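Residue numbers (the UniProt record's numbering), protein chains in the order written: chain X, 1 to 138; chain L, 1 to 138; chain W, 1 to 138; chain R, 27 to 474; chain H, 27 to 474; chain G, 27 to 474.
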């Protein structure tokens, strides 16, 4: 399956040309830019791993693309996303987050149903790769 | 003081001519007519004493006025009222009730304040004449 | 006993000269001036009877003293007080209230103790004169 | 394409269980009346804009409203009366919010109609029977008060706002002792920096019990329990009950779920519930758009309020006498008969739900008593205002003048005098014995 | 005699703490504009019709509303804009019912005005600060969903009514798994003989968790908790929380006290609260009478709903684009600047209250994506209808087509393409890689 | 390096919403005034000692306090007045603990300042509006007691500790019946081996009701509800309410969260809440370090106590008359005007929060009545001590002497006599008619 977290995940995976134009937009919006990666693709895994520190005051997409590519080489079989943080008062949060690398095959999620009172169920979702240690996924 | 229970108590006490015209109205409304009397004038004294049974199917005010006058003589120092009961479905209740006799002097009511939690008070009202036995009031 | 509601009740009863100087003060404070009277001296009897309407925009103590004296004659065996209402924002209330007439003898108050749970008691206080009808007190 | 989609059916046979709505419809310049009607049915029932196959997993026809009759309105060629029927099963038992959502949901914002006004509804007996109806109702209310055969009298505290809790209580005491049956909180007084709610309630109950003791009558003051959240309303309601108040009031703007919540509360707590209709004119006033007030009267009798402001025929709201009569009928009768002039478009049986007491206020005075009685009848609360509080002789005098006029008028009516014709004279004879009333007549004769 | 009674004051100096209202006023044929304005101020503040001496026991001027400016409206000589100021002390902190009562109380039924419409209000900072504002708000909502930089997508279940709890859940599952972020209950589905509420909730949560597991996203369904009484609403809300729903919905017809009650509940229970505006058009539609919808947007942001239907510029409600923009601003900005074309008559600071997510629905399709993005911006929930469920290839395909179009449009916008001009082509390029979307474009090109 | 890090800004423009603090600053021998000021701003806001990149994920400037003006203090070259501004958004609405933490947190232990004293604060209107303010307040308190136009009189039971519940009640009864409006528990009497709390309350209420019955006045005794935990305080509070006490008291050492908890309780339970300021002098006494008492008066009026000990000008605390006046102003006025001699450094509007009753105690006697009235004014509770209980003629006589002096002084003031100059004579004339007062004057003439 195809995991559809991310702003453009219903599109084909972005080319580097496409990514570069998204960095331009981020820059024009004055965002801090973070590159983050993970191999527990659970939708409530809020804290992916950080690839270095966010880049602030970026003025050219080049350094950003370089780190993205450095991350892809070191972590080719992890999901990797780019995140743009706005520091505008009242927002002070993420305003864009999209996937720039996927592992080659995504097996998806186990759905667990624990039967509770009457007819209610307590659900968990667990990504299949996380039944394996980190250094063995994907 | 003047007790103002009753439909016409803010008017002067009714003459017998006036009462007779109220019986006419009751009759035209097809009411049962009851004459009731009391010497505990508390506003929550819901059950005054009955002077005989209500009169049904009355067609002339005469018999009613006669009982009213019979009640006044026997109970001259009691309040006496005339009550018209409607049996119309959905009403089935009193639709008029007015005073036709008052005692000569009404001393009124004691107000009792029992102090309860914080600033709240539990009130009673007690007619002064009821500090006396029935056969000694008014 | 001497009832000590009122701003100056621990002083001797005021002379008319004294009262007049209190009206001067009220006037200088721009108060509405009310004359109120009662023969249920309970301390929680918040609503004494009104002797006419409060006097507004008074500029001379004379009209006020005249009403005070008119009230004393008509109600000589009632307590009578003078009350000054401030309309100043954030106050909007009484700022002075003193006695200008007392009945000739005050018998005082009955204390009633209703025994409630454990050792608690529910108290009432009842002025002795209110065991009598209004038109017979004092 | 609504008329072809099943939403128009001049043949449809209305059932006794159907909810029926009467809409006053103003189609867009080009669009056909039947198409307008069908659009309103469709848009408020199963209004999907492509074909959906999921419809076929259900008994689809049942959930479609049906426009089944259109007539052009008597004097205005550009308006039509559209009759629509809804299956009883579409609605949640006992729920005003569901009925409202379902009926007035989308269709007022729809484009193929210029304007749209819900005018009447036929609530079927079986639906009406799932509602509590008035917590108390006229009949028990009068048995509780021991007040029969005459309107009841009230007024709102003046100034509406600003008096301290103690100065507030003063006005209550004077008005009740002077002869009014009730005094009330303004719809705007809840709990504010100049006066919090608890001291108001506490002073008020001393006023109310003092006046009972002074007159020998059951008296009351509508304590306004209106608050931002339900728990806060319950706290206020609870204090009024604890202190023994006979009556509380709520503003219509708390909305329908809070009103049904309180109506249950009042039933279970032996409390009269007065509904203040504040805000209602924003949708009930214009003749071409919104909802007619009679439909509000139906919903509020179902929900279970005991009093509701229903109109005065004379005064600051000289509205149509025949339309107002229609409102009072809805509120008070066991059964409604269709009467086009009154604006009652359907017969309707009230399924023995209790009656609601109508309330007339808005620039009325004792000098109109004969029209008031003539138009509004006997089961009504006549609410005075500056009529009472600004009597030159004082609040007690203001109250007495009103009470004397009222009683003299009812006495005259029951004598079978032609009170409407003879009313000014009947007032004059009463004023002969009542100074307070003479002063009031003199003072408000030229009232324009 | 209102203009002479103190209710007109062109000199009055407005304070930062004053509540200010802007009314669109249509005087009676004879009556003067200033007299009309003063009448509206007077009638909604201290509006007594004789003199009362009890006023003098208070600081009377404070409790008087003041009409302080009148202008004739740009194109209609018979209408005036009246500006009125109310002292902050007149109102209960945190209470919409009190604000509403106080402002829109009597004045809509008053005779010396033909028609009257509340158009805007300036809520002062110090009053706004006493309200909770949105339980969740746009920013936290997106952090909860982990969905950033794009509108969110939803649709209402079709048929609105009739499916069994199990057949109902089927549609939810298909829609969420196909790409929609949300599915919702219709405003009319509460609990009815064809389907009671509990089985709906229970099937729905299985659908929702199944779709999370299928897509790797947080998904949700607005469970409608609308019910007749507050205790019944709490029971429904509690089940949604117990089953772990991310979101519930309420209908505006439950009324304001129940909405603030629920808004507190949602804040304390980590629940997104969607407000469905069902019924709003009865008073917000006509341009001459009632209340403008922007004033509702203000009150509902204060009360603390998280989403509210705010208008689509294109489709079954092609309303004014510049007026709609005004609505979205009210909902979303930290500060409002007066702009007469948008219908924002006052500057207004929102005192750091959270943002509400606007929702666009009503005959929209993927073929309009470029106008939708252009008009409505990025923080909006685009709600499809027959747009999704009646795709010839199935519900999942309907959903996917919408999601692909949305993302392709945002991608284009961020590339700085002229997406409004180039939009149909941008759609075509996306459809090259997406059959479901090609089918949707072909199918809804001539949509009239 | 604070002055260069953004924490010093002599240009900063203060907003109406900003919280402003005035600190009396004593820099370390070498350090510059501006650097001292900036350090205090920095150290209490965003005070990190290296660079942090996480700042840039926020609107960092908003969360920085700003030192915006420094002046050297009038007579002491080594001290500066530093003005600092904090954004309203930094604070939790209605929370004294948050305000306190935020303002006085770190900076008193900081090294680059020798000494530091918070002198005044400007609480902005919009923040003040989120607090309840006094449960009761002066105005309602006097309406509850029906006592107007004069100070109220009280005293603390002597011996403070040791009397049995029955012997304790004796003193209460004698004092109230003799003329005092109140008697009180000492701040040290809670529940101890020599006397547990319940029997004290039960004997006391019999005393209090006996004295009401003897005098015809509402009387009260501050029952001290101070206890180790909140549940224990609630138990005590609940008994006082159950027995019908008009008043309870709390010690300031229970701390701010418990005080706001009780203040809410007293508002909801119609109870006067007296705050005893025990312990306050440990930080409010020295002129160079700590917090000035006027800032405590502000916080406690916000939190919502009804009485607070505020100073006597004469007696065992002959403190500055002009500074004390400043305290009474804070407590009692609707608005504060900056007046450097009083120690009020900012204008401040109280946003219609209720007034707190100041309490004067500490070695006062009837022989000072004319200075007391002159300095402290009319809204104050004058608390006597050995002044009352140790009258040679008995407790009742002690009380009467105080009450006679008080009333005679107010009567004189209202006659416009020069009571300050003529006071000893005014006392002498009153004592002519009052033996108890003659004995008191003779006894306490040479009091040194």
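Ideal Cβ positions, reconstructed from N, Cα and C, are used throughout, including at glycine.
Open item on the list: Does the structure place the segment 138–146 of chain H close enough to the segment 160–170 of chain H that three or more beta carbon pairs sit under 8 Å?
Closed with: No, because fewer than three Cβ pairs between the segment 160–170 of chain H and the segment 138–146 of chain H fall closer than 8 Å, the two stretches do not touch.
Open item on the list: I want to verify the contact list: residues of chain G whose CB lies under 9 Å from the CB of residue 200/R, in sequence order.
Closed with: Taking the fourth chain and counting its residues from 1, the one referred to as residue 200/R is at position 174. Close partners of residue 200/R in chain G (Cβ separation under 9 Å) are lacking, with about 18 Å as the shortest Cβ gap.
Open item on the list: I'd like the span of the alpha helix (DSSP H) that includes residue 437/R, first residue to last.
Closed with: The residue given as residue 437/R occupies position 411 in the fourth chain. Element bounds for residue 437/R: 421–440.
TODO: Taking the CB atoms as reference points, tell me whether residue 234/H and residue 194/H lie closer together than 9 Å.
DONE: The residue labelled residue 234/H in the question sits at position 208 within the fifth chain. The residue labelled residue 194/H in the question sits at position 168 within the fifth chain. No. Outside cutoff.
TODO: Please work out which residues of its chain come closer than 7 Å, Cβ to Cβ, to residue 18/R, disregarding the five sequence neighbours upstream and downstream, and give them in chain order.
DONE: In the structure displayed, chain R extends from 27 to 474; residue 18/R sits before or after that span and is not available.
Open item on the list: Distance cutoff 9 Å, beta carbons only. Does residue 131/W sit that close to anything in chain L?
Closed with: Residue 131/W sits at position 131 when you count from the first residue of the third chain. It does; some Cβ of chain L falls within 9 Å.
Open item on the list: So for residue 38/W, helix, strand or coil by DSSP?
Closed with: Counted from its first residue, the third chain places residue 38/W at position 38. DSSP places residue 38/W within a strand segment (E or B) once states are collapsed to three.
Open item on the list: I want to verify the contact list: residues of chain X whose CB lies under 7 Å from the CB of residue 238/H, in sequence order.
Closed with: Here the question's residue 238/H lines up with position 212 in the fifth chain. For residue 238/H, the chain X residues whose C-beta falls within less than 7 Å of its own C-beta are 43 and 125, listed in chain order.
TODO: Tell me whether residue 221/G sits in a helix, a strand or coil according to DSSP, three-state version.
DONE: Taking the sixth chain and counting its residues from 1, one reaches residue 221/G at position 195. Strand, per DSSP.
TODO: Look up residue 19/X in the DSSP assignment and say whether it is helix, strand or coil.
DONE: Taking the first residue of the first chain as 1, we reach residue 19/X at position 19. It is helical.
TODO: Indicate whether the contact test is met: 3 or more Cβ pairs, each with one atom in the segment 325–344 of chain G and one in the segment 103–118 of chain G, closer than 8 Å.
DONE: Note that the segment 325–344 of chain G does not touch the segment 103–118 of chain G; fewer than 3 beta-carbon pairs, one per stretch, sit closer than 8 Å.
Open item on the list: If distances are taken between C-alpha atoms only, which option among 138/X, 117/X and 113/X comes closest to residue 239/H?
Closed with: Your numbering for residue 239/H matches position 213 in the fifth chain. For residue 239/H, the nearest C-alpha among the options comes from 113/X.
Task: Distance CB(residue 438/G)-CB(residue 392/G) smaller than 9 Å - done: To locate residue 438/G, count along the sixth chain from 1; it is residue 412. To locate residue 392/G, count along the sixth chain from 1; it is residue 366. No.
Task: Boundaries (first-last residue) of the alpha helix (DSSP H) holding residue 106/G - done: One-based indexing of the sixth chain puts residue 106/G at position 80. Run containing residue 106/G: none in the alpha helix (DSSP H); it sits in the beta strand (DSSP E), 102–112.
TODO: Quick one: list the residues of chain L neighbouring residue 163/G, beta-carbon separation under 8 Å, in chain order.
DONE: Taking the first residue of the sixth chain as 1, we reach residue 163/G at position 137. Going along chain L, no residue has its Cβ under 8 Å from residue 163/G, so there is no contact; the nearest lies around 15 Å.
- [ ] Residues of the segment 62–73 of chain X with a CB closer than 7 Å to any CB of chain H: list them in chain order, please.
- [x] Here the close residues number zero.
Task: For residue 113/L, the residue or residues it bridges with in DSSP - done: As a first step, residue 113/L must be located in the second chain, where it is residue number 113. Note: residue 113/L sits in a beta bridge opposite 123/L.
Open item on the list: Using the three-state DSSP reduction, which class does residue 297/G fall into: helix, strand or coil?
Closed with: Here residue 297/G refers to the residue found at position 271 of the sixth chain. Note: residue 297/G maps to coil in three-state DSSP.
Open item on the list: Three or more C-beta pairs under 8 Å: does that hold for the segment 280–288 of chain H against the segment 117–129 of chain H?
Closed with: The answer is yes - the segment 117–129 of chain H touches the segment 280–288 of chain H, with three or more Cβ pairs under 8 Å.
Open item on the list: Could you compute how far the alpha carbon of residue 274/G sits from the alpha carbon of residue 171/G?
Closed with: The count along the sixth chain starts at 1 and reaches residue 274/G at position 248. The count along the sixth chain starts at 1 and reaches residue 171/G at position 145. One alpha carbon belongs to residue 274/G, the other to residue 171/G, and they sit about 15 Å apart.
Task: Contact list for the segment 175–199 of chain R against chain H, Cβ threshold 7 Å - done: Answer in chain order: 184, 185, 186, 187, 188, 189, 193 and 197.
Open item on the list: If you reduce the DSSP assignment to three classes, tell me which class residue 304/H lands in.
Closed with: In the fifth chain, counting from the first residue as 1, residue 304/H sits at position 278. DSSP places residue 304/H in coil when its eight states are reduced to three.
Task: Close beta carbons around residue 138/H, own chain, < 6 Å, minus the five adjacent residues each side - done: Residue 138/H sits at position 112 when you count from the first residue of the fifth chain. Excluding positions up to five away in sequence, the list reads 54, 57 and 65.
Open item on the list: Rounded to the nearest angstrom, what separates residue 144/W and residue 98/W at their Cα positions?
Closed with: Here chain W comprises residues numbered 1 to 138, so residue 144/W is not present and cannot be evaluated.
Task: Interface positions of the segment 93–120 of chain H facing chain W (Cβ-Cβ less than 8 Å), listed along the chain - done: Correct list: empty, as no residue qualifies.
TODO: Output yes or no for whether 9 Å exceeds the beta carbon distance between residue 116/R and residue 397/H.
DONE: Your numbering for residue 116/R matches position 90 in the fourth chain. Your numbering for residue 397/H matches position 371 in the fifth chain. Going by C-beta atoms, residue 116/R is not nearer than 9 Å to residue 397/H.
Task: Assigned secondary structure, residue 182/H (DSSP; H/G/I helix, E/B strand, else coil) - done: As a working note, residue 182/H is residue 156 in the fifth chain. In the displayed model, residue 182/H falls within a strand according to three-state DSSP.
Open item on the list: Per the DSSP calculation, residue 384/R is bridged to which residue(s)?
Closed with: For this step, residue 384/R is matched to residue 358 along the fourth chain. In the DSSP secondary-structure assignment, residue 384/R is bridged to 334/R.
Task: Residue environment, residue 253/R, which counts as buried when at least 16 other CB atoms sit within 10 Å - done: Mapped onto the fourth chain, residue 253/R falls at position 227. Classification of residue 253/R: buried, given that the 10 Å Cβ count is 16 or more.
Task: Within-9 Å CB hit, residue 103/L to chain W - done: Walking along the second chain from the start, residue 103/L turns up at place 103. For residue 103/L, the answer is no, since every Cβ of chain W falls outside 9 Å of its Cβ.
Task: Sheet register partners of residue 274/R (DSSP bridge) - done: As a first step, residue 274/R is located in the fourth chain; it is residue number 248 there, counting from the start. Beta-bridge pairing links residue 274/R to 249/R and 299/R.
TODO: Using a Cβ cut-off of 9 Å (strictly closer), state whether residue 310/G contacts chain W.
DONE: Within the sixth chain, residue 310/G is the residue found at index 284, counting from 1. Judged by the 9 Å Cβ criterion, residue 310/G is not in contact with chain W.
TODO: Whole angstroms is fine: what's the gap from residue 29/H's alpha carbon to residue 133/H's?
DONE: To locate residue 29/H, count along the fifth chain from 1; it is residue 3. To locate residue 133/H, count along the fifth chain from 1; it is residue 107. C-alpha separation (whole angstroms): 16 Å.
Open item on the list: Could you tell me the alpha carbon to alpha carbon distance between residue 154/G and residue 318/G, rounded to whole angstroms?
Closed with: Residue mapping note: residue 154/G aligns to position 128 of the sixth chain, counting from 1. Residue mapping note: residue 318/G aligns to position 292 of the sixth chain, counting from 1. Answer to the nearest angstrom: the Cα atoms are 20 Å apart.
Task: Limits of the alpha helix (DSSP H) - the one that residue 256/H falls within - done: Your numbering for residue 256/H matches position 230 in the fifth chain. Run containing residue 256/H: 256–269, per the alpha helix (DSSP H) assignment.
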